[PDB]
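As a plain string of letters, each chain reads:
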Amino acid sequence: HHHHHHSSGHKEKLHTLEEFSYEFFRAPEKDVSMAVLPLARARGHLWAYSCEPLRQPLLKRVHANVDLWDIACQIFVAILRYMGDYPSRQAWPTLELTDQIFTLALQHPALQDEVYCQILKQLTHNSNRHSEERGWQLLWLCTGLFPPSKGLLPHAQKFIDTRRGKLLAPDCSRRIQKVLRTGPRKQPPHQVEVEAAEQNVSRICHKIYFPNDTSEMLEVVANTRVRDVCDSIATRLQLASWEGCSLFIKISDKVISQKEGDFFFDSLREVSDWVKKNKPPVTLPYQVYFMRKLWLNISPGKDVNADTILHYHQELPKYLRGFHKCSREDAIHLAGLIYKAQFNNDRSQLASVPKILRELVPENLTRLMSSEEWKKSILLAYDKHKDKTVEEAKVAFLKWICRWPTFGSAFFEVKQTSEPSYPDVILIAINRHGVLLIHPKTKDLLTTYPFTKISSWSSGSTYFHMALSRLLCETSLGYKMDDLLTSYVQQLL
């Protein structure tokens, strides 16, 4: 009957775990005594608020396993510390408390009811308004991670239903409904989740960055999946489709892609834990980016919004690094389009702005003409776009380069030791055609390894290898290559 909303018309007695305890809680410790030993006071109910730490698990099923006793007791202390009912001279960071409360319960589903019972116990006959407020914050965190069992659920629902007047109570009840639909979380609450709980705020917005130097605030809940955020981003930006687009975490010297069917807050913690371990207590700053990952079946003009927000600002810095094989004539034609996309009608910035040529011409082709020469040729190419919009210019830029073999690729400047036929330092490109090998001086295609022909690939922190002929690369970017190759290979319908 959790699928039901119950009513009587009036306020019912506040529901406790007293009746539940009689069957599922273990025997309460009643009272050999010595007059020298201290009294050891506060002999209240086991199912009601106690400022005294536990010594045995509350539940029979957790008490029946001696290995679970230590975890149960450590959970209760972190519960006490969190709620401000413990002598805490040592001010523990709230995340160390919340990790200690929920981490092992995600691992051992026996502890899941134990966590619920300990929070509900602490919310029963609690005369402290600070502690009660904090207790509701933990229950709120809990309902977003795992639900109570079949036997516990009716009691937990009635506990919330008889206290509907509590600020976070309607949300706790709604959250139990959601975690039953979408399943439990893999990670304990995140920094963001915990900071919103602490402020008694039940709505979270996370900032997402776009390649066009913009950002949006996206609404996220405990059960939000990485794909759900993309669906929201695609509605926001008005993209026809986000197929081939993914979210990325820019953290440390890494740009790590997020798995679509992973919970957003699970994905955040998993990546940070990976990064934290691969670097040798303070939290790691990060940015969340939405970008195109796989450039398969991209047709400029079909989705103008994706073209002007994503594709242009993604292709632009690659072209400027001079990764493509292009002429002085292509550079003049494209620099006029790049000028129009950025300055629109302001014609004077080409003379005014110093080092502007860096923003308009590939770094390799810069030496072909003098400063005044590029300026003269670019103005003439630009004047041809007076009746175009900034958006038209961005789509024209793309239409002209979209058929290029190196268009929509990820570039890696590795050190190869495999074939002495090729130069020492080489440029690798992963795109729709496969793994492309390019000469850095003359941008000629050395070889193309299609996906159908690749057998295996491995990467460490110091390298990347491939097999068919065997390719050896010395790079720190191995993780991104490994990931992009696996992702491209995995595209099968």
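Method of determination, as given in the entry header: X-ray crystallography; reported resolution: 2.44 Å.

**Q** Tell me what's going on with the domain arrangement of the chain, and back it up with residues and numbers.
**A** Domain boundaries in the chain define domain 1 (204-292), domain 2 (304-402) and domain 3 (410-490). The distance between the C-alpha centroids of domain 1 and domain 2 comes to 30 Å. In this complex, domain 1 contributes 10 residues to the contact, which on the side of domain 2 involves eight residues. Counting the surface lost from both domain 1 and domain 2, the interface buries some 780 Å², and carbon and sulfur atoms represent 65% of this. Three residues stand out in domain 1 for area buried against domain 2, namely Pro-211, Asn-212 and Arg-292, and they jointly supply 55% of the buried area on that side. Along the contact surface separating domain 1 from domain 2 lie three residue pairs in polar contact. The biggest single contributor to the side of domain 1 that touches domain 2 is strand β5 (residues 287-292), with three residues. A breakdown of the residues in the side of domain 1 that touches domain 2 according to their chemical character gives seven nonpolar, two polar and one charged.

**Q** Could you give an account of the packing of aromatic side chains, with specific residues and numbers?
**A** What characterises a pair of aromatic rings is the spacing of the ring centres plus the angle enclosed by the ring planes. As enumerated under the stated definition, the model contains 15 aromatic pairs in all. Taking the centre distance of 6.2 Å and the plane angle of 85 degrees together, the rings of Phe-20 and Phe-25 count as edge-to-face. Like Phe-20, the residue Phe-25 is buried in the burial classification. A ring pair is formed by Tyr-339 and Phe-343, whose centres lie 4.5 Å apart and whose planes are at 35 degrees; its orientation type is tilted. Within this pair, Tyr-339 and its partner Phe-343 are both found in helix α13 (residues 328-343), separated by four residues, close to a single helical turn. A relative accessible area of 1% places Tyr-339 in the buried class. Its end group placed over the ring of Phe-159, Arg-163 keeps NZ or CZ at 3.7 Å from the ring centre. Here the basic side chain of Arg-175 rests over the ring of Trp-140, its NZ or CZ set 4.0 Å away from the ring centre.

**Q** Account for the packing of helix α5 (residues 111-122) against helix α6 (residues 129-142), with residues named and values stated.
**A** In contact at an axis separation of 9 Å, α5 and α6 are set at 155 degrees when each is read in the N-to-C sense. Comparing the axis directions of α5 and α6 gives the class roughly antiparallel. Crossing handedness for the pair α5 and α6: left-handed. Taking contact as the criterion, the partners of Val-115, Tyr-116, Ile-119 and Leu-120 in α5 are, on α6, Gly-135, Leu-138, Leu-139 and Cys-142. Here the contact of α5 with α6 is built from residues that sort into seven nonpolar, one polar and no charged.

**Q** Outline empty space enclosed by the protein, supporting the account with residue identities and numerical values.
**A** Space inside the largest cavity adds up to approximately 50 Å³. Every residue along the wall of the largest cavity is listed here: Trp-140, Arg-175, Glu-193, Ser-202, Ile-204, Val-220, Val-221 and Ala-222. The residue inventory of the lining of the largest cavity, partitioned by class, reads five nonpolar, one polar and two charged.

**Q** A description of the nonpolar core should follow, citing residues and the corresponding values.
**A** Counting residues in hydrophobic clusters, the biggest one holds 56 residues, and the most contacted among them are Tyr-319, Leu-360, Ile-378, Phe-397, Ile-428, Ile-430 and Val-435. Broken down by element, this core gets its largest block of residues, nine residues, from α13. Shared between two domains, this core takes at least three residues from each, and those domains are domain 2 (304-402) and domain 3 (410-490). The residues touching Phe-397, leaving out its near neighbours within four places in the chain, are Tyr-312, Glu-315, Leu-316, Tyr-319, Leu-334, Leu-337 and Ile-338. Ranked by size, the runner-up nonpolar core spans 50 residues in total, among them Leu-46, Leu-68, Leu-111 and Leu-123.

**Q** Before we move on, can you summarise unusual backbone geometry with the specific residues and values?
**A** The phi dihedral of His-125 falls on the positive side, at around 60 degrees, and the residue is not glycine. Within the secondary structure layout, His-125 lies in the loop between α5 and α6. Judged by relative accessible area, which is 57%, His-125 ranks as exposed. Phi angles above zero are rare outside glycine, and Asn-297 is one such case at about 60 degrees.

**Q** How would you summarise the pairing of strand β3 (residues 245-251) if you had to cite specific residues and measurements?
**A** Extensive coverage of β3 is indicated by the burial of six of its seven residues. For β3 and β5, the ladder comprises six bridges, and the chain directions are antiparallel. Residue pairing in the sheet places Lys-250 in a bridge with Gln-287 of β5. Note: β3 against strand β4 (residues 254-257), four bridges, orientation antiparallel. Its bridge partner being in β4, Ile-249 is matched across the sheet by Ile-256. Where β3 folds back on β4, the antiparallel hairpin that results is connected by two residues, among which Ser-252 adopts a positive phi of roughly 55 degrees.

The rules we used
Residues numbered from 1 in each chain as written, not as in the entry; some residues may be left out. Heavy atoms only, no water. Residues with missing side-chain atoms left out of burial classes, pairs and counts. Domains from an automatic or database assignment. Contact = heavy atoms within 4.5 Å. Buried area = accessible area lost by both parts, 1.4 Å probe. Polar contact = N/O pair within 3.5 Å; in protein donor to acceptor, adjacent residues only side chain to side chain. Helix = DSSP H or I, 4+ residues; strand = E, 2+ residues; numbered from the N terminus. Nonpolar A, V, L, I, M, F, W, Y, C, P; charged D, E, K, R; others polar. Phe/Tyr/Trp six-rings, centres within 6.5 Å; stacked < 30°, edge-to-face > 60°. Buried < 20%, exposed > 50% of the residue type's maximum accessible area, 1.4 Å probe, protein only. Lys NZ or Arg CZ within 6 Å of the ring centre and 35° of its normal. Axes fitted to C-alpha atoms, helices over the stretch in contact; angles between N-to-C directions. Parallel < 35°, antiparallel > 145°, perpendicular 65-115°, else oblique. Left-handed = near helix turned anticlockwise from the far one by under 90°. 1 Å grid on protein atoms, 1.4 Å probe; cavity = no way out; pocket = protein on both sides within 12 Å on 5 of 7 lines; lining within 4 Å. Points joined across faces, edges and corners; volume = space filled by probe spheres on them. Core = buried A, V, L, I, M, F, W, Y, C linked by side-chain atoms within 4.5 Å. Pairing = 2+ DSSP bridges.

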